[PDB]
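Every chain is numbered from 1, with letters handed out A, B, ... down the list of sequences. Quick note: numbers below take in every heavy atom, side chains included, and nothing from hydrogens, waters or symmetry partners.
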Amino acid sequence: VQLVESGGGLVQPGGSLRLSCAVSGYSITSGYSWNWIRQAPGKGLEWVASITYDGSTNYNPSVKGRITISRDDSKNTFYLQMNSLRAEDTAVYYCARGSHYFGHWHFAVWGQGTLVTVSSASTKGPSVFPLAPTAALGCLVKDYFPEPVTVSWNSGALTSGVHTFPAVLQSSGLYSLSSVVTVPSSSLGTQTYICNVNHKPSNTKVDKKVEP
Amino acid sequence: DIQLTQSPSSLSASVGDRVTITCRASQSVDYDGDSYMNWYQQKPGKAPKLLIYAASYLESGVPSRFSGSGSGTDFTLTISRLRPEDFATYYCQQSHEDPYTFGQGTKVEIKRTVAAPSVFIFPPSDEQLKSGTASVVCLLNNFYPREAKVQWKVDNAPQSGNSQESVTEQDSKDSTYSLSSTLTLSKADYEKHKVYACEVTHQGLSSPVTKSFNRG
């Protein structure tokens with residue numbers, strides 16, 4: 001079973017978030033609880049809402065009043081809406097499925113989370129530049145907003161020796177990151193190295209060949 | 001709400017070590033003979049993974065080096081022999097009373113021997129310079145411990161205020177870190193100078209290591 005969240009990205013302060021979690025279609029949802037749990041950047045985990053098979057909801061009083069959880073079993077999907085968004089609401093939002101222990105719940109299955117960024121700024125896609133060449137080579141992914149960017153190498157075939165650095169917030173208010181890989185220097189004239197960069201908020205997908 | 005306090009907030013332990021972390025709840029999480037405390041592992045960038053439910057039961061498939069114990073207010077998670085991939089933040093979580101609540105996490109870092117970095121310097125690409133800015137990058141690869149100093153020099157003059165650094169989370173196989181330092185200048189300013197150098201200090205290096213290039 002897989003849980004896949006959608007609806008993340010930028011939201012204006014005072015606006016509404018609308019997230020969804022799609023669950024593998026083969027799975028039956030009735031013997032479980034369905035939850036949203038969030039994690040602000042650098043902080044711990046906060047449970048915010050749950051729903052059970054009969055539509056019964058439960059909310060954390062920390063946000064109760066501006067949150068609603070709902071379900072559409074015809075699409076095996078659950079939803080979260082929050083209104084009146086503020087800075088405390090910037091976080092990765094995870095959907096999680098609870099299983100029973102003697103009438104109580106534990107979160108045995110989690111989605112991979114979606115980042116919601118509460119901001120009045122515009123989305124901006126990155127530029128991608130080579131860090132040309134044990135040898136080291138890489139790609140610099142500059143000036144994007146909001147997070148996140150993902151990088152892979154050679155479509156995921158090159159993983160050993162890859163280091164993708166955490167993004168840094170520049171004085172411009174835009175992020176930058178680099179991804180580097182160390183490879184055998186002899187392999188350089190013979191093997192192609194392509195960094196695959198994805199910034200889904202700006203629909204940016206770049207495959208940049210890094211040559212010597 | 002029930003508050004969960006974990007101890008210690010962070011620890012460093014070597015590969016093979018027995019690691020114990022504690023969670024104290026502000027009231028008992030027992031009901032009718034069982035204790036409603038769960039534990040999760042969260043590796044950087046990933047969602048949490050359930051390890052232990054109801055204080056002491058291992059979720060099926062979790063490695064047997066993980067175990068939990070406790071009752072009432074007091075709970076422990078033990079890793080009997082730590083592996084490098086066990087670097088993570090570990091959270092306890094109570095399911096006894098709504099709202100369900102988590103501890104603040106304990107970060108487990110792997111201790112290992114000191115390793116000096118290897119250092120690489122990258123000039124700005126011509127594609128970036130065409131766009132008006134120059135990013136010069138200095139890479140420190142696979143070193144331990146995390147603490148390191150990088151000083152930029154431009155035609156020998158020490159720089160400050162025009163660089164930013166980023167460090168990886170600890171590596172899950174070799175327990176090292178890598179660090180990038182980026183110096184950012186306009187194209188015009190970059191083209192006024194010849195020698196760009198980064199000077200690195202680290203415990204594993206008896207004297208600082210400089211890497212440099214001549215523009216062009």
Side-chain angles (χ1 to χ4, degrees), chain A residues 3 35 37 39 43-50 58-62 92 94-96 98-99 101-111 113 127-133 135-138 140 142-143 148 160-161 163-171 176-178 180 182 208, chain B residues 1 6 31-34 36 38 40 42 44-50 52-54 57 59-60 89 91 93-105 118-120 122-126 128-129 131 133 135 137 139 141-142 164-169 171 173 177-180 182 184:
Chain A
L3 275 49
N35 301 268
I37 299 167
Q39 186 166 37
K43 307 301 185 41
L45 295 159
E46 181 184 25
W47 173 85
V48 294
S50 67
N58 203 281
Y59 300 108
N60 196 322
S62 64
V92 176
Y94 297 100
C95 54
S99 285
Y101 185 84
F102 305 165
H104 302 66
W105 302 102
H106 52 264
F107 307 124
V109 181
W110 294 69
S127 290
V128 180
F129 300 120
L131 299 163
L137 58 93
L140 171 61
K142 195 161 154 68
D143 289 341
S160 289
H163 295 298
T164 299
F165 287 92
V168 304
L169 180 65
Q170 303 167 111
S171 58
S176 183
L177 70 68
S178 67
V180 303
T182 49
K208 192 66 170 185
Chain B
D1 305 343
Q6 295 186 230
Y31 170 67
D32 196 26
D34 306 289
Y36 290 83
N38 309 309
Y40 300 85
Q42 186 178 37
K46 308 190 185 165
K49 173 182 181 171
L50 176 69
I52 298 295
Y53 64 89
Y57 297 85
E59 176 60 20
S60 182
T89 296
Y91 293 94
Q93 179 258 309
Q94 66 82 23
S95 293
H96 176 63
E97 186 169 287
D98 301 311
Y100 285 13
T101 51
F102 292 80
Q104 80 281 9
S118 46
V119 184
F120 307 84
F122 299 90
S125 65
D126 296 329
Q128 179 189 27
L129 286 176
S131 81
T133 59
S135 296
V137 176
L139 170 65
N141 211 37
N142 302 344
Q164 287 189 278
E165 291 180 356
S166 182
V167 189
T168 62
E169 301 279 346
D171 189 76
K173 298 186 179 174
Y177 299 93
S178 296
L179 175 155
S180 75
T182 307
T184 299

So which of B/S180, B/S95, B/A54 has the largest heavy-atom pair count under 4.5 angstrom toward chain A?
B/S180
Highest number of heavy-atom pairs under 4.5 Å with chain A: which of B/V137, B/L50, B/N142?
B/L50
Atom of [X], atom of [Y] and distance for their closest heavy-atom approach:
X	Y	result
A/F129	B/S131	CZ-OG, 4.1 Å
A/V168	B/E165	CG1-O, 3.6 Å
B/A47	A/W110	CB-CB, 3.9 Å
A/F107	B/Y40	N-OH, 3.0 Å

Measure distances from [X] to the heavy atoms of chain B and classify the residue's part below 4.5 Å as side chain, backbone, both or neither.
X	answer
A/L45	both
A/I37	side chain
A/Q170	both

Using a 6.0 Å cut-off, check whether atom OH of A/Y101 has over 12 heavy atoms from anything other than its own residue.
yes
If we only count heavy atoms from C-beta on, is the [X] to [Y] side-chain gap below 4.5 Å?
X	Y	answer
A/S99	B/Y53	no
B/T101	A/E46	no
B/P99	A/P61	yes
B/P48	A/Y94	yes
B/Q104	A/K43	no
B/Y31	A/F102	no
B/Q128	A/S127	no

Got a donor-acceptor contact below 3.5 angstrom from the B/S166 side chain to the A/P166 backbone?
yes
Can you name the residues that form a side chain to side chain donor-acceptor pair (under 3.5 Å) with B/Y36, not counting sequence neighbours?
none
Please list, chain by chain and in numerical order, all residues satisfying side chain to side chain donor-acceptor pair (under 3.5 Å) with A/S50, sequence neighbours excluded.
none
What distance separates [X] [atom1] from [Y] [atom2], expressed to the nearest 0.5 Å?
X	Y	atom1	atom2	answer
B/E169	A/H163	CD	NE2	13.0 Å
B/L139	A/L131	CG	CG	9.0 Å
A/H106	B/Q94	NE2	CD	14.5 Å
A/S160	B/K173	OG	NZ	5.0 Å
B/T182	A/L140	OG1	CG	6.5 Å

Does the ring center of A/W105 lie less than 6.0 Å from the ring center of B/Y100?
no
